[PDB]
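Here is how names work: the chains are called A, B, and so on, in the same order as the sequence lines, proteins then strands, and each is numbered from 1.
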Amino acid sequence: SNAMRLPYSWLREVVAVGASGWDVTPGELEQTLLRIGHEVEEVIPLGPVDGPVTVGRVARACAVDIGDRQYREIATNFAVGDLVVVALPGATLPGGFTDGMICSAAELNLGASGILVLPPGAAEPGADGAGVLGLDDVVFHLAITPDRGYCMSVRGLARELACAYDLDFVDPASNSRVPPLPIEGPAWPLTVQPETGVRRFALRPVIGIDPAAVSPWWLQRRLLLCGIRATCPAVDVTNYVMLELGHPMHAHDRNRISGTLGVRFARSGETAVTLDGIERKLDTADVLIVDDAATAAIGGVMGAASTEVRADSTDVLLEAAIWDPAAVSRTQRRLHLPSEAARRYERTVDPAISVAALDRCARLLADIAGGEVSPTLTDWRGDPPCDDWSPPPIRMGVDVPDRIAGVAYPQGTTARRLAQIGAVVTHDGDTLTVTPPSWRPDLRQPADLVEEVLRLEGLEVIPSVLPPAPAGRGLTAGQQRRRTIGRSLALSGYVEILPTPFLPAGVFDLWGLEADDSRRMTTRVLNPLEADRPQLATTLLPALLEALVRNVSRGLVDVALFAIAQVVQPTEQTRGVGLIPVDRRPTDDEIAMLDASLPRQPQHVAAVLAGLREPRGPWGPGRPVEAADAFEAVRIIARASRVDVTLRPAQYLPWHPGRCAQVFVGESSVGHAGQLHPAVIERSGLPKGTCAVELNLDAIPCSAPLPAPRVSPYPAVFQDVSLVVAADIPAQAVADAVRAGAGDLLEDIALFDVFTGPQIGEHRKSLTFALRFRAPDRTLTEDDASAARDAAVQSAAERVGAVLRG
Amino acid sequence: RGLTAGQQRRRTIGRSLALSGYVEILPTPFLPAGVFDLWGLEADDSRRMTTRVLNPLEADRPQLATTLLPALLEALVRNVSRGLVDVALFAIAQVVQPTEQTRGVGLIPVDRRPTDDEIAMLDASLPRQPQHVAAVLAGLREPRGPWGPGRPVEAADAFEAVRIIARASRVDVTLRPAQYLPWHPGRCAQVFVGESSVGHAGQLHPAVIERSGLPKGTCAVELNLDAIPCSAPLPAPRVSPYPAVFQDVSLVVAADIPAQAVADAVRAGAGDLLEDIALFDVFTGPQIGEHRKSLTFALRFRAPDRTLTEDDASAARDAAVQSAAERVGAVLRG
Amino acid sequence: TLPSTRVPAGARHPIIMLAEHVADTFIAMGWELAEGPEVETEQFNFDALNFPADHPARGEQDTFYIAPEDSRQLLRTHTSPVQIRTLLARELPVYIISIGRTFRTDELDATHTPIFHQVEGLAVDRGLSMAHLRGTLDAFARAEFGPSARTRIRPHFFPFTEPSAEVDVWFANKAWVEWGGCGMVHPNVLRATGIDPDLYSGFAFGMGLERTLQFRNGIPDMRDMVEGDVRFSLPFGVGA
Amino acid sequence: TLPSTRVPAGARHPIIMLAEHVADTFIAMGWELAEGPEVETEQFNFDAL
RNA sequence: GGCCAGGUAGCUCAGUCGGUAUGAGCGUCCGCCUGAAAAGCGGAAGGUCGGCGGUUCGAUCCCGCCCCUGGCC
Ligand SMILES: O=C1NC(=O)[C@@]2(CCN(Cc3ccccc3)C2)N1
Ligand SMILES: [Mg+2]
Ligand code: NA
Ligand code: NA
């Protein structure tokens, strides 16, 4: 999780150390955080309450001392003697909740079972509840981006505010703010395997704490406002320092540690019982903390119950470690443990504050629990020991942020901002050498430095300068064609939909396809939203037919839908390629290898029709959808593509075998059209007579014809010819044969009669075409047009076996 | 910034008419000789107030076009006279409609920039030149084939050309009966966008057809695109998941009542529950009465948040029936 | 006044029309369009875009992966790999727009959809700055939200951009509305495509079409945009 | 293969299509399209030129 | 990962811990009616009650698992 919660009082406190009297409106602070790159999710205040809300002491009803000896009476949490907060009769708790009532952290709008129990000495019985609880405070819920793991604490966010407001900042992790505890010897024997990714491991024990002691109210309150429930002073300080400095801390029971501590990779099948009392199956790529007996903690995730601080621990060994971010993120996501420590370790933690944050816990623990800080310390800092945790320096021009932003910043802006975020900046002519601080591993390239200068100066100063328009070529031929196809279909009565690539469950089984059908060879999705729809679409019809059913099932029974989208047609099993190094450009052989591993994804156009094709009106009763309407959709797409198509009968499911046409462009098959099979319509719940079209736009070649027609000024000759052919002879084949024979005099040919009957014969039909002959340079005689007609008749007899009607 | 809204609309109108069966031509600005005398226009007709060219190629054609119809009809005659009898033509061009006599402006010194007032003076001295769209139809509107003998051109085809231009312009138009030459007075509609007149459509006057040598039943349409405001609608449909109710209402009105006026009265009375209304019957049988007609509309009621009962839809139908009785004098059939 | 429309006109989808209008806006500014496969390799969808090895978006939680496991093949979580293919195939300078189908793990409700369309821009040339990005975003906003449209950028983070920013739009037809993201092309992305970061800079941006169409027109239920109901598409007119 | 196009498709004029192709060519390079009156004053047709 | 609460006709939803869901509203069909319609009146069609199994002479209703939704986390 990228969530970070802290109250305004704690954030203002750290900022006010360097800038005394600094205080801004929470609305203004939200605009400042949102302006420097921190997304604010919510700005929730506390409470509020008024009137009878005070703190009392208990003496399961019991007398509650509301103050000044005015005892009033009113679940398993508190006992006798614990200071509690009560909304005295006539309550006004958020929002409008009106004997007495012992309030809780949730009823008062302050935290998360039982009632609220203030620690002994937090407030005299009778003090103002709103003043003790600090209800005037405001909690900020921030969503920290993964590149700013240093902002997972008050230290980082207070530093960001000091940068935005140009303030003097006092690092709460410095040795002037955290006095270095003495180092008089080792704290505990420690062994570490250097191949596990640990950068630093620090240990310091605390001796003789009071088990019955509890954390003060200011410490417990800041934990609840940050989303962490208080437990005991030993654990409360470990979570409090994590929220303050960003270095997560974990407390162990010093007396419950047997032998030498050891950071080591886990083993297969090894299970460690964490602090929550749950068995966790571990992997060989996990980091652990073990001793001579069991496992003490999981590296950077959560401690184990073997060394868990109980409610009676007196000797505590505090841990300050720096784990590998990749190993922590890989481990916490496997067993689902988004703990506060794992979320910060995966975003990297400042390795230079390990001892500083360690000494922060010891002094804070011994103060509130009455312990004695041991002057021993074991600080393993790698092999060889690392004493400088600074990242490599970065070089960039002094005006690079000015060029990237397009703003002429005042001189010294880049150097001031980079030093403001904690980087060492040296000058060498016009080149800056920038060494980022140890808490900024994200700064690695000049672009990272540019972001820091631009976000701190504010992106509002960047002007709006439209770049010069390059000499573009515009829409390609295929892009223009898809528009024309969409326009032509929409103007013909079709409604476009957005098809879904996930096929319905067993759609091809409903279509009755064979087992070896190429459309069944789909691409499966590993994690689909519906477990019964993992296969990707090899055809746009199921998505269209699904939308057709949706419209019909809702009262729209006369539908004509179309869609233009790609399909997913794999040619082999799902095969991936190896990782190509990102530090260079992949060669053309590796690029072609990447394309070959991907399934064929051609762009298809498809359409479905059902109900009335033409609606009824004052002209007539309308016309139901028939297969010819699907064939006309082919012609509409063809005219939009400026190509000639031919239709031939074909048997291709889910289309009706006697009402299906295969569309060809020249000699290449581009798709099918016609009416769907009645069995497919019945099993799929489709309306009767449903027709469908689907074409492959990639198979249709882009054409750019340049016609040069010559309008003849001479009169035309009109003639009609009737030809008798077999029933299975397509009318287009007769028209093509007549055209091929008539010659250049034939200006136009149109079919206008299809006649069957006993005068013609069984399984035969008569076709009458209207012919228009015209010469380009003369007036024709009737014999001249009849000669071209007789040649067309002879050409029809030789190609389709036509007989002149007698 | 690319194409303006007007340039973008001119493309869409051309595409829609071409895909609907019309053939684009380039209209000549020079009017034919005495074409307005063939149309029978009055002496004070605004279309006669033309701009004349001093040195035309043809001395009998000096006037510039105040309307696109004469050039379309001349191109219509050329196609029909050469064996192309079933033709639908359209054109998108400007006209020249002066508001005064030809008045010129003196020579402005070109050694400087003309002031904004001098630029406005040069524009006021020029005749008004708005963009017009027009079309003409003759012969068969739908050709013959294996489906049947086709359908000859009628006035409704010209009315549909208006709705094609309207849908391409994304504007709502209304058609009203009008007497405007050269159209047939009983088959002529005036097109309105809201309350502004933008043109006319229908079948041409039979006398104008005879005097001009046009095919019988010739239809025409002309619209002023400048009088049509460029619209950029932003719809926000709310698809209701609840079922609809289907009912039909048969109303008897006088023959002169337009069918759209009845539909507008039914919608005004039905309310928000009315999702769709469509006319599908115009009956003029003897049991209806002389000069009276019966209109039957298909109604589709649907609520956005509940499932209606038959009484709920009937209550909206009855309220629609009363609205028609009050606005167009409709009587419920029975 | 009798009805004469014997063939009632249909309608192109509003998302397609919005995509076409977005395309024409950038074509008018010298840009071009490019297409890419929806089933994309992990090399072009994550690796070439400076996504770390253990990035949470590379898991089975947010990205539709292709079976079997560890196949390095997935449905694209953005049209950015289309720009990577353009940066590898075309010569500099490059001013291209990618409008394609995008796939995310979010369920389909009134304000989210797993299958949405987004527009992503990519400009790489000598001397491109954030000011050139903001100027392009403003011209994009004015063409889609009116002359009074203005954009605002707030610093953010994206793996393939540095510095990164989110874009908010202001339109006087409803305040600031979250529109999309942008930023300068990360030098790692340029090195992954054989381009010198010291000689060529560049910016990028990305907005969702269903998101853009939702708050602009005020469409309440976004499920009506993808379910293909005729009652949703028809009011938007026939199309261009 | 029977004829099914009951609405005979028309055609935009080639000159109009060429002008549209020419316009898109320059708009793709950043240019814009302007219009003017065919009946023009002699000041703008000759004197200003 | 927790008990729960939900998936039921074309659409929107009620209802039963075992033999009939005498399911509702709207949608579909027939008759009277109309030139043809609708309404009205009078008749009907249509669900394998979330899937695979378990018990039972018999399961929408009880055991188990899962598919997908909210809830509260
Ligand atoms: O949720 C989301 N939908 C989206 O399109 C994004 C917004 C834009 N982002 C892509 C991008 C980020 C930076 C530069 C260029 C493109 C993704 N996020
Ligand atoms: Mg950065
Ligand atoms: Na047929
Ligand atoms: Na034969």
Tell me whether [N] and [M] stack, counting them as stacked only when the base ring centres are under 5.5 Å apart and the planes differ by under 30°.
| N | M | result |
| --- | --- | --- |
| E/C49 | E/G50 | no |
| E/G43 | E/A44 | yes |
| E/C66 | E/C67 | yes |
| E/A9 | E/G10 | no |
| E/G47 | E/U48 | no |

Polar pair under 3.5 Å, donor/acceptor by atom type, side chain [X], base [N]:
| X | N | result |
| --- | --- | --- |
| A/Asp532 | E/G51 | no |
| B/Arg300 | E/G27 | no |
| B/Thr307 | E/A24 | no |

Once you look at the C1'-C2'-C3'-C4' sign, would you call [N] north or south?
| N | result |
| --- | --- |
| E/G53 | north |
| E/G19 | south |
| E/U8 | north |
| E/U34 | north |

Separation between the [atom1] atoms of [N] and [M], rounded to whole Å:
| N | M | atom1 | answer |
| --- | --- | --- | --- |
| E/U16 | E/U34 | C1' | 45 Å |
| E/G51 | E/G10 | P | 14 Å |
| E/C66 | E/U56 | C1' | 24 Å |
| E/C41 | E/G46 | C1' | 23 Å |
| E/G18 | E/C26 | P | 32 Å |
| E/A24 | E/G43 | P | 14 Å |

Atom pair CD1/OG1 of C/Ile115 and A/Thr500 - distance to nearest 0.5 Å: 3.5 Å
Could you measure the distance from the CD atom of A/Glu41 to the CD1 atom of A/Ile144? Nearest 0.5 Å is fine. 9.5 Å
Nearest whole angstrom, please: distance from the [atom2] of [N] to the [atom1] of [X].
| X | N | atom1 | atom2 | value |
| --- | --- | --- | --- | --- |
| A/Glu530 | E/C66 | CD | P | 19 Å |
| B/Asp312 | E/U12 | CG | P | 18 Å |
| B/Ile288 | E/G35 | CD1 | P | 9 Å |
| B/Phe246 | E/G25 | CZ | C1' | 15 Å |
| A/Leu556 | E/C11 | CG | P | 13 Å |
| B/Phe283 | E/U34 | CZ | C1' | 10 Å |
| B/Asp311 | E/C26 | CG | P | 8 Å |
| B/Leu279 | E/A37 | CG | P | 16 Å |

Describe the nucleic acid contact of [X] in one word from base, sugar-phosphate, nothing, applying a heavy-atom distance below 4.0 Å.
| X | value |
| --- | --- |
| B/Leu299 | nothing |
| B/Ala298 | nothing |
| B/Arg317 | sugar-phosphate |
| B/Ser250 | base |

Counting heavy atoms from C-beta on, name the nucleotide in [options] closest to the side chain of [X].
| X | options | value |
| --- | --- | --- |
| B/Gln247 | E/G35, E/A38, E/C67 | E/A38 |
| B/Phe280 | E/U69, E/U12, E/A37 | E/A37 |
| B/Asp248 | E/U69, E/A37, E/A36 | E/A37 |
| B/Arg333 | E/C26, E/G35, E/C68 | E/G35 |
| B/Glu310 | E/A36, E/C11, E/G40 | E/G40 |
| B/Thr296 | E/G25, E/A38, E/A37 | E/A37 |

In the strands shown, is E/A37 matched to any nucleotide by a Watson-Crick or G-U wobble pair with both distances under 3.5 Å, and which? none
Sort out the partner of E/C61 for me: Watson-Crick or G-U wobble, both distances under 3.5 Å, none otherwise.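 Base partner found: none.
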Is it true that [N] and [M] form a pair, Watson-Crick or G-U wobble, with both distances below 3.5 Å?
| N | M | answer |
| --- | --- | --- |
| E/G58 | E/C17 | no |
| E/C32 | E/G40 | yes |
| E/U56 | E/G46 | no |
| E/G23 | E/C13 | yes |
| E/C11 | E/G25 | yes |
| E/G51 | E/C65 | yes |

Is the shortest side-chain heavy-atom distance between [X] and [Y] below 4.5 Å?
| X | Y | answer |
| --- | --- | --- |
| C/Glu227 | A/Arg550 | yes |
| A/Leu536 | C/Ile66 | yes |
| A/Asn551 | C/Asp229 | yes |

I want to check a possible cation-pi pair here: A/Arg533 against A/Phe502, using under 6.0 Å from ring centre and within 45° of the ring axis as the test. no
Could C/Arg104 and C/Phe116 be counted as a cation-pi pair, given that NZ or CZ must be under 6.0 Å from the ring centre and within 45° of the axis?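 Cation-pi check for C/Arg104 and C/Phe116: passes.
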Nearest nucleotide by nearest heavy atom, which residue falls closer to the 5' end of RNA chain E, B/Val249 or B/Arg302?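 By nearest-heavy-atom nucleotide position, the 5'-most residue is B/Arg302.
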If you pin B/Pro241 and B/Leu308 to their nearest nucleotides in RNA chain E, which one's is more 5'? B/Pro241
Does atom CD (B/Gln287) have a neighbourhood of more than 12 heavy atoms from anything else shown, all under 6.0 Å? yes
Has A/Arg550 got a side-chain N or O lying under 4.0 Å from the OP1 or OP2 atom of E/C11?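 False: A/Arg550 side-chain N/O out of range (4.0 Å or more) of E/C11 OP1/OP2.
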For C/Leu75 versus C/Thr63, what's the shortest heavy-atom pair and its separation?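 Closest heavy-atom pair between C/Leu75 and C/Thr63: O-CG2, 4.1 Å.
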